[PDB]
Amino acid sequence: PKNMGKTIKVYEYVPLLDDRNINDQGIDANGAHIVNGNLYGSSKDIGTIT
Amino acid sequence: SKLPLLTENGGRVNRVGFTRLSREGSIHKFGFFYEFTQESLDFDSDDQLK
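Protein chains in written order, with UniProt numbering: chain L, 52 to 101; chain E, 102 to 151.
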């Protein structure tokens, strides 16, 4: 549309289970806050997901 | 060696017994959530964050 700048920016929502979900709002299964909040992210391991 | 072999004097020979086992399986509960503030959905860039 006219009367807006020459640039056009769109958003992109990242899944909960993705390594790009670098956030701080995270609580582990017991109650202590944790560094990540993406729930093991992508990480197709067994140990981390368990 | 272990073949069941009878004689003419049929008697208490070749007795066999059977066993019955069992297999179990449990039920577990999961879950997670996230929190937001009205000041994060009222004046926020996107209209359909929720």
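The beta-carbon is built from N, C-alpha and C at its ideal position, and this holds for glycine as well.
Can you tell me where the alpha helix (DSSP H) with residue i in it begins and where it stops?
{"i": "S141(E)", "result": "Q139 to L142"}
Give every residue of the same chain whose Cβ lies closer than 6 Å to the Cβ of residue i, excluding the five residues on either side of it in the sequence, and list them in chain order.
{"i": "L107(E)", "result": "none"}
{"i": "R124(E)", "result": "none"}
{"i": "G77(L)", "result": "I85, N87 and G88"}
Who are the Cβ neighbours of residue i in its own chain at under 8 Å, not counting the five residues just before and after it?
{"i": "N115(E)", "result": "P105, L106 and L107"}
Just to make sure I have the definition right: I need the residues of chain E whose C-beta is within less than 7 Å of the C-beta of residue i. Which are they?
{"i": "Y91(L)", "result": "Under the 7 Å cutoff, chain E gives no residues; its nearest Cβ is about 12 Å from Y91(L)."}
Mind pulling the chain L residues with CB within less than 8 Å of residue i?
{"i": "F133(E)", "result": "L90"}
In the DSSP output, what is residue i paired with across the bridge?
{"i": "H84(L)", "result": "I78(L)"}
Using a Cβ-Cβ cut-off of 7 Å (strictly less than) and excluding sequence neighbours within five positions of residue i, which residues of its own chain qualify?
{"i": "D69(L)", "result": "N89, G92 and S93"}
{"i": "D147(E)", "result": "none"}
Let me check you understand the geometry: is the CB of residue i closer than 7 Å to at least one non-hydrogen atom of the ligand FMN?
{"i": "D96(L)", "result": "This structure does not include the ligand FMN; it has no bound ligands of any sort."}
Is there a Cβ of chain A sitting closer than 8 Å to that of residue i, yes or no?
{"i": "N115(E)", "result": "No chain A appears in this structure, whose protein chains are L and E."}
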